[PDB]
file coords14.cif (mmCIF, C-alpha atoms and all ligand atoms)
data_target
loop_
_atom_site.label_atom_id
_atom_site.label_comp_id
_atom_site.auth_asym_id
_atom_site.auth_seq_id
_atom_site.Cartn_x
_atom_site.Cartn_y
_atom_site.Cartn_z
CA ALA N 30 12.84 -21.27 1.59
CA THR N 31 12.81 -22.07 -2.15
CA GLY N 32 15.68 -21.98 -4.65
CA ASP N 33 14.16 -18.96 -6.34
CA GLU N 34 14.01 -17.30 -2.89
CA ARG N 35 17.65 -17.79 -1.99
CA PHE N 36 18.79 -17.20 -5.57
CA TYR N 37 16.94 -13.87 -5.94
CA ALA N 38 17.99 -12.65 -2.50
CA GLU N 39 21.69 -13.70 -2.47
CA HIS N 40 22.45 -13.12 -6.20
CA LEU N 41 19.94 -11.57 -8.60
CA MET N 42 18.80 -8.66 -6.39
CA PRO N 43 22.21 -7.48 -5.02
CA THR N 44 23.60 -7.48 -8.56
CA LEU N 45 20.77 -5.36 -9.95
CA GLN N 46 21.12 -2.99 -7.05
CA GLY N 47 24.86 -2.91 -7.71
CA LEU N 48 24.37 -1.69 -11.31
CA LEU N 49 21.24 0.44 -10.91
CA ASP N 50 20.16 3.50 -8.93
CA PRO N 51 16.84 2.87 -7.14
CA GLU N 52 14.71 4.88 -9.53
CA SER N 53 16.22 3.01 -12.49
CA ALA N 54 15.68 -0.28 -10.69
CA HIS N 55 12.07 0.68 -9.95
CA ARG N 56 11.44 1.43 -13.63
CA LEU N 57 12.84 -1.98 -14.64
CA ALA N 58 10.92 -3.86 -11.96
CA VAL N 59 7.76 -2.35 -13.39
CA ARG N 60 8.70 -3.35 -16.96
CA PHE N 61 9.63 -6.94 -16.07
CA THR N 62 6.40 -7.26 -14.10
CA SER N 63 4.30 -5.69 -16.85
CA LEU N 64 5.80 -8.28 -19.21
CA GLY N 65 5.33 -11.12 -16.75
CA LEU N 66 9.07 -11.96 -16.50
CA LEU N 67 8.59 -13.51 -13.09
CA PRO N 68 9.51 -16.71 -11.26
CA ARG N 69 6.90 -19.38 -10.66
CA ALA N 70 4.82 -18.63 -7.57
CA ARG N 71 4.90 -22.19 -6.24
CA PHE N 72 2.83 -21.26 -3.16
CA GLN N 73 -0.84 -22.22 -3.57
CA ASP N 74 -2.99 -20.03 -1.34
CA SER N 75 -4.80 -22.01 1.34
CA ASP N 76 -8.24 -21.48 2.86
CA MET N 77 -6.70 -20.12 6.06
CA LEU N 78 -5.51 -17.02 4.22
CA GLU N 79 -8.96 -16.05 2.95
CA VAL N 80 -10.37 -12.78 4.28
CA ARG N 81 -13.82 -11.27 3.74
CA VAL N 82 -13.61 -7.54 4.42
CA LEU N 83 -14.76 -4.32 2.69
CA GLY N 84 -17.54 -6.25 0.97
CA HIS N 85 -15.00 -8.44 -0.85
CA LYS N 86 -13.12 -11.70 -0.79
CA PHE N 87 -9.35 -11.56 -0.52
CA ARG N 88 -7.81 -14.96 -1.28
CA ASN N 89 -4.74 -13.94 0.79
CA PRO N 90 -4.08 -10.85 2.93
CA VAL N 91 -0.70 -9.89 1.40
CA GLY N 92 -0.88 -6.96 -1.01
CA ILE N 93 1.54 -4.66 -2.79
CA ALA N 94 1.35 -1.16 -1.34
CA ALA N 95 0.72 1.94 -3.40
CA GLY N 96 3.81 3.56 -4.91
CA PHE N 97 5.22 0.61 -6.82
CA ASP N 98 2.75 0.63 -9.72
CA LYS N 99 1.95 4.33 -9.68
CA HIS N 100 0.36 4.46 -13.13
CA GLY N 101 -1.48 1.09 -13.52
CA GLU N 102 1.07 -0.48 -15.87
CA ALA N 103 1.68 -3.85 -14.16
CA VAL N 104 -1.49 -4.89 -12.29
CA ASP N 105 -1.77 -8.36 -13.82
CA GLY N 106 1.91 -9.11 -13.31
CA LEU N 107 1.49 -8.25 -9.65
CA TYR N 108 -1.33 -10.76 -9.15
CA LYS N 109 0.85 -13.28 -10.96
CA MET N 110 3.56 -12.43 -8.41
CA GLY N 111 1.13 -13.85 -5.85
CA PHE N 112 -0.36 -10.84 -4.09
CA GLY N 113 -3.94 -11.20 -2.87
CA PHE N 114 -4.73 -7.58 -3.75
CA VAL N 115 -3.18 -4.72 -5.69
CA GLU N 116 -3.23 -1.00 -5.02
CA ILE N 117 -2.14 1.41 -7.76
CA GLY N 118 -1.24 5.06 -7.41
CA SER N 119 -1.01 7.63 -6.08
CA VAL N 120 -2.83 9.20 -9.04
CA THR N 121 -3.26 12.99 -9.24
CA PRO N 122 -5.97 14.66 -11.34
CA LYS N 123 -3.62 16.37 -13.85
CA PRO N 124 -0.30 14.78 -14.97
CA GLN N 125 2.70 16.03 -13.05
CA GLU N 126 6.40 15.40 -13.04
CA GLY N 127 7.35 15.13 -9.37
CA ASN N 128 10.53 16.24 -7.65
CA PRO N 129 13.83 16.76 -9.45
CA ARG N 130 16.08 13.69 -9.49
CA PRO N 131 17.75 12.04 -7.55
CA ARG N 132 14.62 11.43 -5.48
CA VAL N 133 15.05 7.84 -4.18
CA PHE N 134 17.80 6.51 -1.91
CA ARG N 135 18.66 3.09 -0.46
CA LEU N 136 19.73 2.50 3.16
CA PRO N 137 20.84 -1.13 2.77
CA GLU N 138 22.24 -1.41 6.32
CA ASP N 139 18.78 -0.56 7.66
CA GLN N 140 16.63 -2.53 5.16
CA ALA N 141 15.26 0.92 4.43
CA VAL N 142 14.49 3.36 1.66
CA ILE N 143 13.96 7.12 1.60
CA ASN N 144 11.99 8.67 -1.25
CA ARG N 145 10.73 12.11 -2.27
CA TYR N 146 9.10 11.35 -5.65
CA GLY N 147 6.60 14.14 -5.05
CA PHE N 148 3.62 12.46 -6.73
CA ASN N 149 4.92 11.78 -10.23
CA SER N 150 1.77 10.77 -12.03
CA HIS N 151 0.47 10.16 -15.53
CA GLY N 152 -2.84 11.66 -14.37
CA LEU N 153 -6.44 10.49 -13.96
CA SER N 154 -7.20 10.31 -17.69
CA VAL N 155 -4.27 8.11 -18.75
CA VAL N 156 -4.81 5.75 -15.81
CA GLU N 157 -8.55 5.64 -16.47
CA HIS N 158 -7.98 4.45 -20.04
CA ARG N 159 -5.34 2.00 -18.82
CA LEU N 160 -7.78 0.44 -16.38
CA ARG N 161 -10.68 0.53 -18.86
CA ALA N 162 -8.67 -1.72 -21.20
CA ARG N 163 -8.81 -4.47 -18.53
CA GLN N 164 -11.97 -3.48 -16.65
CA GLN N 165 -13.79 -6.76 -17.34
CA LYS N 166 -10.76 -8.98 -16.76
CA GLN N 167 -10.61 -7.26 -13.36
CA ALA N 168 -14.30 -7.90 -12.70
CA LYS N 169 -13.47 -11.59 -12.98
CA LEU N 170 -10.33 -11.21 -10.83
CA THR N 171 -12.32 -9.51 -8.10
CA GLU N 172 -14.89 -12.34 -8.15
CA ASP N 173 -12.02 -14.80 -7.67
CA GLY N 174 -10.74 -12.97 -4.55
CA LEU N 175 -8.10 -10.65 -6.18
CA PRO N 176 -9.38 -7.08 -5.68
CA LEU N 177 -8.06 -3.76 -7.05
CA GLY N 178 -7.55 -0.58 -5.04
CA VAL N 179 -6.80 2.87 -6.42
CA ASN N 180 -4.90 5.43 -4.31
CA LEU N 181 -5.77 9.12 -4.90
CA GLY N 182 -3.58 12.18 -4.49
CA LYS N 183 -3.63 15.85 -5.38
CA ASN N 184 -1.61 18.11 -7.60
CA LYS N 185 1.32 20.23 -6.42
CA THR N 186 -0.30 23.40 -7.82
CA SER N 187 -3.78 22.41 -6.64
CA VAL N 188 -5.80 25.08 -4.81
CA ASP N 189 -8.71 23.01 -3.41
CA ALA N 190 -7.56 19.62 -2.08
CA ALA N 191 -11.09 18.22 -1.85
CA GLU N 192 -11.87 18.97 -5.49
CA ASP N 193 -8.78 16.96 -6.53
CA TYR N 194 -9.93 14.00 -4.45
CA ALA N 195 -13.52 14.28 -5.78
CA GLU N 196 -12.35 14.24 -9.40
CA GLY N 197 -10.46 11.06 -8.61
CA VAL N 198 -13.52 9.48 -7.02
CA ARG N 199 -15.55 10.32 -10.14
CA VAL N 200 -13.02 9.20 -12.76
CA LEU N 201 -11.42 6.16 -11.08
CA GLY N 202 -14.09 5.30 -8.51
CA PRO N 203 -16.04 3.21 -11.06
CA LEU N 204 -12.91 1.18 -11.86
CA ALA N 205 -11.82 0.32 -8.26
CA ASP N 206 -12.91 -2.05 -5.53
CA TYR N 207 -11.66 0.48 -2.97
CA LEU N 208 -10.38 4.04 -3.14
CA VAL N 209 -7.73 5.49 -0.80
CA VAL N 210 -7.67 9.14 0.22
CA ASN N 211 -3.99 9.60 0.83
CA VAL N 212 -3.72 12.50 3.32
CA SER N 213 -0.30 11.35 4.59
CA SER N 214 2.37 11.87 1.90
CA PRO N 215 5.44 13.65 3.36
CA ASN N 216 6.43 14.99 -0.08
CA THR N 217 3.68 17.50 -0.92
CA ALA N 218 3.38 20.90 0.78
CA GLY N 219 0.22 20.84 2.92
CA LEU N 220 -0.97 17.25 2.38
CA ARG N 221 -0.13 15.54 5.70
CA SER N 222 -1.78 18.55 7.40
CA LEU N 223 -5.12 17.49 5.84
CA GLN N 224 -6.41 16.59 9.39
CA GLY N 225 -7.77 19.84 11.00
CA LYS N 226 -10.63 17.85 12.55
CA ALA N 227 -13.33 19.90 10.81
CA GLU N 228 -10.97 20.27 7.84
CA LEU N 229 -10.62 16.48 7.50
CA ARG N 230 -14.36 16.09 8.19
CA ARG N 231 -15.21 18.47 5.36
CA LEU N 232 -12.80 16.83 2.91
CA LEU N 233 -14.10 13.33 3.71
CA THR N 234 -17.74 14.42 3.51
CA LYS N 235 -17.25 15.59 -0.06
CA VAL N 236 -15.43 12.33 -0.91
CA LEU N 237 -18.12 10.03 0.51
CA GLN N 238 -20.89 12.08 -1.09
CA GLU N 239 -19.21 11.86 -4.48
CA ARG N 240 -18.68 8.12 -3.96
CA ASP N 241 -22.40 7.60 -3.16
CA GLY N 242 -23.30 9.25 -6.45
CA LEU N 243 -21.87 6.32 -8.41
CA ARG N 244 -24.03 3.49 -9.72
CA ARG N 245 -24.38 0.57 -7.31
CA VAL N 246 -22.00 -1.81 -9.07
CA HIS N 247 -19.32 0.90 -9.42
CA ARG N 248 -19.36 2.11 -5.78
CA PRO N 249 -15.94 1.36 -4.21
CA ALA N 250 -15.11 1.38 -0.54
CA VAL N 251 -13.27 4.48 0.74
CA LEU N 252 -10.22 4.25 2.99
CA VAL N 253 -8.00 6.88 4.59
CA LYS N 254 -4.22 6.41 4.61
CA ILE N 255 -2.47 8.06 7.54
CA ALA N 256 1.09 8.87 8.58
CA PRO N 257 2.92 7.14 11.46
CA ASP N 258 3.98 10.60 12.67
CA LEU N 259 0.70 11.71 14.16
CA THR N 260 0.22 13.23 17.58
CA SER N 261 -2.13 11.58 20.00
CA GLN N 262 -4.59 14.43 19.35
CA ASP N 263 -4.53 13.71 15.61
CA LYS N 264 -5.24 10.00 16.02
CA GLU N 265 -8.12 10.65 18.43
CA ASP N 266 -9.60 13.07 15.88
CA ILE N 267 -9.09 10.75 12.88
CA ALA N 268 -10.78 7.95 14.86
CA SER N 269 -13.68 10.31 15.64
CA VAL N 270 -14.28 11.54 12.08
CA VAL N 271 -13.89 8.05 10.63
CA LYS N 272 -16.72 6.74 12.82
CA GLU N 273 -18.83 9.87 12.46
CA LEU N 274 -18.72 9.77 8.64
CA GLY N 275 -18.84 5.98 8.14
CA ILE N 276 -15.42 5.71 6.45
CA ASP N 277 -14.97 2.11 5.30
CA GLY N 278 -11.41 1.57 6.53
CA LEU N 279 -7.92 2.80 7.37
CA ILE N 280 -4.55 2.15 5.71
CA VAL N 281 -1.88 2.35 8.42
CA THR N 282 0.70 3.70 7.64
CA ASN N 283 2.57 5.81 5.04
CA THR N 284 6.32 6.44 5.32
CA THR N 285 7.76 8.48 8.20
CA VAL N 286 9.50 11.87 8.16
CA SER N 287 11.13 10.86 11.44
CA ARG N 288 14.60 9.34 11.63
CA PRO N 289 14.77 6.75 14.43
CA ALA N 290 17.96 6.47 16.43
CA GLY N 291 20.41 3.94 15.12
CA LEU N 292 19.98 4.44 11.36
CA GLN N 293 23.32 3.53 9.80
CA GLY N 294 22.91 4.30 6.09
CA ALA N 295 25.03 7.16 4.77
CA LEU N 296 21.92 8.56 3.07
CA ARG N 297 19.86 8.69 6.30
CA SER N 298 19.72 12.51 6.30
CA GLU N 299 18.19 12.74 2.84
CA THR N 300 14.86 14.49 2.83
CA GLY N 301 11.79 12.35 2.31
CA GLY N 302 9.80 9.49 3.76
CA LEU N 303 11.57 6.53 5.32
CA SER N 304 10.21 3.03 4.70
CA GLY N 305 11.20 -0.49 5.65
CA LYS N 306 12.44 -1.95 8.90
CA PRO N 307 12.95 1.36 10.80
CA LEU N 308 9.20 1.85 10.13
CA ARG N 309 7.99 -1.60 11.18
CA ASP N 310 7.09 -1.18 14.89
CA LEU N 311 6.17 2.48 14.55
CA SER N 312 3.71 1.12 11.97
CA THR N 313 2.50 -1.77 14.17
CA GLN N 314 1.91 0.60 17.09
CA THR N 315 -0.28 2.89 14.95
CA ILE N 316 -2.40 -0.06 13.86
CA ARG N 317 -2.77 -0.82 17.55
CA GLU N 318 -3.97 2.62 18.67
CA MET N 319 -6.24 3.01 15.65
CA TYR N 320 -7.86 -0.39 16.22
CA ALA N 321 -8.55 0.44 19.88
CA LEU N 322 -9.84 3.95 19.13
CA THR N 323 -12.28 2.44 16.57
CA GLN N 324 -13.35 -0.47 18.86
CA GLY N 325 -12.08 -2.88 16.23
CA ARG N 326 -15.03 -1.81 14.02
CA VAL N 327 -13.10 -0.10 11.16
CA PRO N 328 -11.07 -2.51 8.94
CA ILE N 329 -7.32 -1.74 8.82
CA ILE N 330 -4.77 -2.57 6.12
CA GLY N 331 -1.39 -2.67 7.88
CA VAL N 332 1.77 -1.62 6.09
CA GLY N 333 5.32 -0.84 7.23
CA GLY N 334 8.47 -2.97 7.10
CA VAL N 335 6.77 -6.33 6.47
CA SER N 336 9.22 -8.93 5.14
CA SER N 337 8.17 -12.13 6.88
CA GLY N 338 5.18 -13.97 8.24
CA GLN N 339 6.11 -12.86 11.76
CA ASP N 340 5.96 -9.20 10.62
CA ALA N 341 2.62 -9.75 8.88
CA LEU N 342 1.16 -11.69 11.83
CA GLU N 343 2.21 -9.05 14.37
CA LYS N 344 0.29 -6.46 12.36
CA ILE N 345 -2.82 -8.65 12.06
CA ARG N 346 -2.83 -9.43 15.80
CA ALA N 347 -2.34 -5.70 16.34
CA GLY N 348 -5.55 -5.05 14.35
CA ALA N 349 -5.00 -5.40 10.57
CA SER N 350 -7.34 -7.44 8.42
CA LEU N 351 -4.89 -7.07 5.53
CA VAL N 352 -1.23 -6.18 5.10
CA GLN N 353 0.82 -4.63 2.32
CA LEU N 354 4.53 -4.51 1.63
CA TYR N 355 6.80 -2.63 -0.75
CA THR N 356 10.31 -2.13 0.59
CA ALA N 357 10.87 -5.86 1.20
CA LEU N 358 10.23 -6.52 -2.51
CA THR N 359 13.12 -4.26 -3.53
CA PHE N 360 15.60 -6.37 -1.47
CA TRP N 361 14.12 -9.87 -1.96
CA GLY N 362 12.52 -9.69 -5.41
CA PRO N 363 9.19 -11.34 -6.32
CA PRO N 364 9.87 -14.50 -4.22
CA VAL N 365 9.15 -12.43 -1.09
CA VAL N 366 5.40 -12.73 -1.66
CA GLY N 367 5.39 -16.51 -1.44
CA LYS N 368 7.82 -16.38 1.48
CA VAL N 369 5.59 -14.12 3.59
CA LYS N 370 2.49 -16.17 2.80
CA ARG N 371 4.12 -19.53 3.56
CA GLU N 372 5.44 -18.21 6.88
CA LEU N 373 2.13 -16.50 7.73
CA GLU N 374 0.29 -19.79 7.36
CA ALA N 375 2.81 -21.78 9.44
CA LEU N 376 2.65 -19.26 12.32
CA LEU N 377 -1.17 -19.20 12.27
CA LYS N 378 -1.11 -22.95 12.81
CA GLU N 379 1.48 -23.00 15.60
CA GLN N 380 -0.20 -20.16 17.45
CA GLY N 381 -3.49 -22.07 17.26
CA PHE N 382 -5.41 -19.84 14.89
CA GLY N 383 -8.02 -21.32 12.61
CA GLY N 384 -7.15 -18.76 9.97
CA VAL N 385 -6.28 -15.13 9.37
CA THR N 386 -9.76 -14.01 10.43
CA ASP N 387 -9.50 -15.60 13.85
CA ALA N 388 -6.25 -13.67 14.46
CA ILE N 389 -7.38 -10.12 13.58
CA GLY N 390 -7.02 -8.04 16.74
CA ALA N 391 -6.07 -11.09 18.83
CA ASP N 392 -3.63 -9.09 21.00
CA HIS N 393 -6.43 -6.84 22.27
CA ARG N 394 -8.11 -9.84 23.97
CA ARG N 395 -5.11 -11.16 26.02
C1 LIG E 1 13.57 -12.73 -15.24
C2 LIG E 1 14.08 -12.02 -14.02
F1 LIG E 1 15.04 -12.79 -13.47
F2 LIG E 1 14.64 -10.86 -14.41
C3 LIG E 1 12.99 -11.72 -13.02
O1 LIG E 1 13.48 -10.61 -12.27
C4 LIG E 1 12.64 -9.67 -11.73
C5 LIG E 1 11.28 -9.79 -11.96
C6 LIG E 1 10.42 -8.84 -11.45
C7 LIG E 1 10.90 -7.80 -10.68
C8 LIG E 1 12.27 -7.65 -10.46
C9 LIG E 1 12.76 -6.47 -9.69
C10 LIG E 1 13.89 -5.77 -10.11
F3 LIG E 1 14.51 -6.11 -11.24
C11 LIG E 1 14.35 -4.66 -9.43
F4 LIG E 1 15.39 -3.97 -9.92
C12 LIG E 1 13.70 -4.18 -8.31
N1 LIG E 1 14.24 -3.07 -7.65
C13 LIG E 1 13.42 -2.09 -7.24
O2 LIG E 1 12.23 -2.07 -7.57
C14 LIG E 1 13.97 -1.05 -6.36
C15 LIG E 1 15.26 -0.94 -5.83
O3 LIG E 1 16.21 -1.67 -6.01
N2 LIG E 1 15.35 0.15 -5.03
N3 LIG E 1 14.12 0.74 -5.06
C16 LIG E 1 13.77 1.88 -4.37
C17 LIG E 1 12.50 2.32 -4.50
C18 LIG E 1 11.55 1.64 -5.31
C19 LIG E 1 11.91 0.52 -5.99
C20 LIG E 1 13.23 0.03 -5.86
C21 LIG E 1 12.62 -4.91 -7.85
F5 LIG E 1 12.00 -4.52 -6.73
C22 LIG E 1 12.16 -6.02 -8.52
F6 LIG E 1 11.09 -6.64 -8.01
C23 LIG E 1 13.14 -8.61 -10.99
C1 LIG E 2 9.46 4.59 -3.55
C2 LIG E 2 8.18 4.68 -2.79
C3 LIG E 2 7.06 5.28 -3.36
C4 LIG E 2 5.87 5.36 -2.64
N1 LIG E 2 4.75 5.97 -3.18
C5 LIG E 2 3.56 6.03 -2.48
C6 LIG E 2 2.42 6.63 -3.05
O1 LIG E 2 2.44 7.09 -4.20
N2 LIG E 2 1.25 6.69 -2.31
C7 LIG E 2 1.18 6.14 -1.04
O2 LIG E 2 0.14 6.18 -0.37
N3 LIG E 2 2.31 5.56 -0.50
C8 LIG E 2 3.48 5.50 -1.21
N4 LIG E 2 4.59 4.89 -0.65
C9 LIG E 2 4.49 4.36 0.74
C10 LIG E 2 4.13 2.89 0.72
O3 LIG E 2 2.90 2.72 0.10
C11 LIG E 2 3.97 2.34 2.14
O4 LIG E 2 2.94 2.99 2.83
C12 LIG E 2 5.28 2.20 2.94
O5 LIG E 2 6.42 2.56 2.19
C13 LIG E 2 5.32 0.72 2.90
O6 LIG E 2 5.89 0.13 4.00
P1 LIG E 2 7.14 -0.72 3.46
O7 LIG E 2 7.63 -0.07 2.20
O8 LIG E 2 8.17 -0.54 4.59
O9 LIG E 2 6.70 -2.13 3.13
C14 LIG E 2 5.79 4.83 -1.36
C15 LIG E 2 6.91 4.23 -0.81
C16 LIG E 2 8.09 4.15 -1.51
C17 LIG E 2 9.27 3.48 -0.87
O1 LIG E 3 5.10 10.33 -4.31
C1 LIG E 3 5.79 10.42 -3.20
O2 LIG E 3 6.83 11.05 -3.09
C2 LIG E 3 5.23 9.71 -2.02
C3 LIG E 3 3.90 9.67 -1.75
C4 LIG E 3 3.44 9.00 -0.58
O3 LIG E 3 2.27 8.91 -0.23
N1 LIG E 3 4.43 8.42 0.20
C5 LIG E 3 5.77 8.45 -0.05
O4 LIG E 3 6.59 7.92 0.71
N2 LIG E 3 6.15 9.10 -1.19
#
call {"tool": "encode", "arguments": {"input": "coords14.cif", "output": "structure tokens", "more": "lines below"}}
Ligand SMILES: CC(F)(F)COc1cccc(-c2c(F)c(F)c(NC(=O)c3c(O)nn4ccccc34)c(F)c2F)c1
Ligand SMILES: Cc1cc2nc3c(=O)[nH]c(=O)nc-3n(C[C@H](O)[C@H](O)[C@H](O)COP(=O)(O)O)c2cc1C
Ligand SMILES: O=C(O)c1cc(=O)[nH]c(=O)[nH]1
result
Amino acid sequence: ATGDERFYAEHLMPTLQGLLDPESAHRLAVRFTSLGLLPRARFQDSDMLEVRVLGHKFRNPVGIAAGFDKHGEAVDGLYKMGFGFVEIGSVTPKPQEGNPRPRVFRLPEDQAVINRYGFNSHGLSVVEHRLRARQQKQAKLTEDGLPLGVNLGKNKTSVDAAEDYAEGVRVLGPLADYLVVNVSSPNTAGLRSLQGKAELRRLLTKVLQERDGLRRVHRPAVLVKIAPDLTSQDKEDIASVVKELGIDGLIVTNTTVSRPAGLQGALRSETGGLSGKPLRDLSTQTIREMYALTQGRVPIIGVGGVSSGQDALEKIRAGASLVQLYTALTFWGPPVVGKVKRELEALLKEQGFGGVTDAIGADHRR
């Protein structure tokens, strides 16, 4: 536990949260990061943390989830933070404003956040030109094991969900190492209910067909991102379509519209998606079903309440080849990346794993 770690957690972070509403704090976090105002990442990634999945090297499995850098403004500062991969978005075809403020709320007693941004996005065009300005720098980064994922969404007013997702595949597909069809946002009318078996099958057919129309070196992988609120019927059906259509992987899982017993924050009854520790195990259990339903054959990026190596390692052993975090960064600050990696590596060694790859799905073999 470094000096940066304890300093950012016990002093810097609680002071910023004391002066700043969460949306303001988010906006500043992005600026600082875009400018590279960040502490030294004194963790040097080891060979044990290397993962080869989705036709790519990841030099560590700890990524920043979608929603932090919605518009592509701080990608390089996030690699410098120490993440092994970066996912930007959600991006919607047309620019849109999102929900009226206030739309973000802290539950500090729960290590939790509730948000209803409602897909505030600069739009495909602005993000496309943003990413084009660094497209070749990113080609090198990918080669070095730091890939880039782009998360796609649809417009509030949009009439045909699949045409929104196809536009995104066409415009930002050539710039991404993987694309994410986000059919799980709680904050858009109709979006989570983008799994009507044959509905989801039709949407994902048009996405994969669009993706295959791109030139070989600009063909990303395509993932689906699902909610932790799914019935057992829904998960069985998602598993079925994913294997039928050859979907390249699953991101598990977006925030929850549930409110687990025991939440203590005053703001717990705010409308929106809950993230952080109340999501952790509900997240880990969805990795676990999805892995089993797909016979461990569909890569999974696990996400939900990860703030430590134990949290990351439980998700990997439950099926994840990669993990993401977001909420933990808003309490710990940048040092949380090095902290999770350092702890992940130590646990891998004590539990007898040769590396991350040996531990993927390990719980399903005990
Ligand atoms: C030189 C230096 F010392 F300044 C280096 O400091 C840094 C460097 C880099 C980043 C940060 C930084 C920060 F300033 C923050 F305000 C936040 N807070 C939030 O993002 C936040 C929150 O609070 N609620 N919330 C709810 C929803 C979404 C986001 C958030 C943060 F996550 C940060 F990572 C600080
Ligand atoms: C403020 C905020 C904004 C988010 N925006 C998006 C988004 O645009 N697209 C998406 O797929 N997930 C979004 N998420 C969900 C996260 O990507 C993630 O799935 C879940 O919050 C992360 O688990 P964790 O925050 O507990 O680490 C957002 C989450 C928060 C807290
Ligand atoms: O933009 C949002 O409000 C949003 C999107 C999403 O996928 N998840 C979330 O928690 N919020």
call {"tool": "residues_around", "arguments": {"input": "coords14.cif", "residues": "range 30-33 of chain N", "least_positions_apart": "4", "cutoff": "12 Å", "atoms": "only C-alpha atoms", "output": "list in words"}}
result
residues 37, 38, 39, 40, 41, 42, 67, 68, 69, 70, 71, 72, 337, 361, 362, 363, 364, 365, 366, 367, 368, 369, 370, 371 and 372 of chain N
call {"tool": "closest_residue", "arguments": {"input": "coords14.cif", "among": "N:174, N:338, N:275, N:147", "to": "residue 300 in chain N", "atoms": "all atoms listed in the file"}}
result
N:147
call {"tool": "residues_near_point", "arguments": {"input": "coords14.cif", "point": "(0.6, -11.4, -3.0)", "cutoff": "6 Å", "atoms": "only C-alpha atoms", "output": "JSON list (two decimals) with C-alpha atoms, keeping the file's coordinate frame"}}
result
[["chain", "number", "residue", "atom", "x", "y", "z"],
["N", 91, "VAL", "CA", -0.70, -9.89, 1.40],
["N", 92, "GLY", "CA", -0.88, -6.96, -1.01],
["N", 111, "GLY", "CA", 1.13, -13.85, -5.85],
["N", 112, "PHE", "CA", -0.36, -10.84, -4.09],
["N", 113, "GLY", "CA", -3.94, -11.20, -2.87],
["N", 366, "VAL", "CA", 5.40, -12.73, -1.66]]
call {"tool": "atom_distance", "arguments": {"input": "coords14.cif", "atom1": "CA of residue 344 in chain N", "atom2": "CA of residue 77 in chain N"}}
result
16.6 Å
call {"tool": "closest_residue", "arguments": {"input": "coords14.cif", "among": "N:97, N:61, N:148, N:36", "to": "residue 127 in chain N", "atoms": "all atoms listed in the file"}}
result
N:148
call {"tool": "residues_near_ligand", "arguments": {"input": "coords14.cif", "ligand": "ligand LIG 2 (chain E)", "cutoff": "8 Å", "atoms": "only C-alpha atoms and all ligand atoms", "output": "ChimeraX atom specification"}}
result
/N:52,55,94-97,99,118-120,133,141-146,148,180-182,209,211,213-214,254,281-284,302-306,308-309,332-336,353-358
call {"tool": "atom_distance", "arguments": {"input": "coords14.cif", "atom1": "CA of residue 374 in chain N", "atom2": "CA of residue 167 in chain N"}}
result
26.6 Å
call {"tool": "closest_residue", "arguments": {"input": "coords14.cif", "among": "N:84, N:129, N:203, N:152", "to": "residue 248 in chain N", "atoms": "all atoms listed in the file"}}
result
N:203
call {"tool": "residues_around", "arguments": {"input": "coords14.cif", "residues": "residue 246 in chain N", "least_positions_apart": "4", "cutoff": "12 Å", "atoms": "all atoms listed in the file", "output": "list in words"}}
result
residues 84, 168, 202, 203, 204, 205, 206, 240, 241, 242 and 250 of chain N
call {"tool": "write_last_selection", "arguments": {"input": "coords14.cif", "atoms": "C-alpha atoms", "output": "PDB file, in the coordinates of the input"}}
result
ATOM      1  CA  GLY N  84     -17.540  -6.250   0.970  1.00  0.00           C
ATOM      2  CA  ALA N 168     -14.300  -7.900 -12.700  1.00  0.00           C
ATOM      3  CA  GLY N 202     -14.090   5.300  -8.510  1.00  0.00           C
ATOM      4  CA  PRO N 203     -16.040   3.210 -11.060  1.00  0.00           C
ATOM      5  CA  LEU N 204     -12.910   1.180 -11.860  1.00  0.00           C
ATOM      6  CA  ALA N 205     -11.820   0.320  -8.260  1.00  0.00           C
ATOM      7  CA  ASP N 206     -12.910  -2.050  -5.530  1.00  0.00           C
ATOM      8  CA  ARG N 240     -18.680   8.120  -3.960  1.00  0.00           C
ATOM      9  CA  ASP N 241     -22.400   7.600  -3.160  1.00  0.00           C
ATOM     10  CA  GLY N 242     -23.300   9.250  -6.450  1.00  0.00           C
ATOM     11  CA  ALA N 250     -15.110   1.380  -0.540  1.00  0.00           C
TER      12      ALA N 250
END
call {"tool": "residues_around", "arguments": {"input": "coords14.cif", "residues": "residue 207 in chain N", "least_positions_apart": "5", "cutoff": "7 Å", "atoms": "all atoms listed in the file", "output": "mmCIF file with C-alpha atoms, in the coordinates of the input"}}
result
data_model
loop_
_atom_site.group_PDB
_atom_site.id
_atom_site.type_symbol
_atom_site.label_atom_id
_atom_site.label_comp_id
_atom_site.auth_asym_id
_atom_site.auth_seq_id
_atom_site.Cartn_x
_atom_site.Cartn_y
_atom_site.Cartn_z
ATOM 1 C CA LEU N 177 -8.060 -3.760 -7.050
ATOM 2 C CA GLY N 178 -7.550 -0.580 -5.040
ATOM 3 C CA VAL N 179 -6.800 2.870 -6.420
ATOM 4 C CA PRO N 249 -15.940 1.360 -4.210
ATOM 5 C CA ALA N 250 -15.110 1.380 -0.540
ATOM 6 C CA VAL N 251 -13.270 4.480 0.740
#
call {"tool": "axis_aligned_box", "arguments": {"input": "coords14.cif", "around": "ligand LIG 1 (chain E)", "padding_each_side": "3 Å", "output": "lines of an AutoDock Vina configuration file"}}
result
center_x = 13.3
center_y = -5.2
center_z = -9.8
size_x = 11.8
size_y = 21.1
size_z = 16.9
call {"tool": "closest_residue", "arguments": {"input": "coords14.cif", "among": "N:294, N:341, N:245, N:315", "to": "residue 260 in chain N", "atoms": "all atoms listed in the file"}}
result
N:315
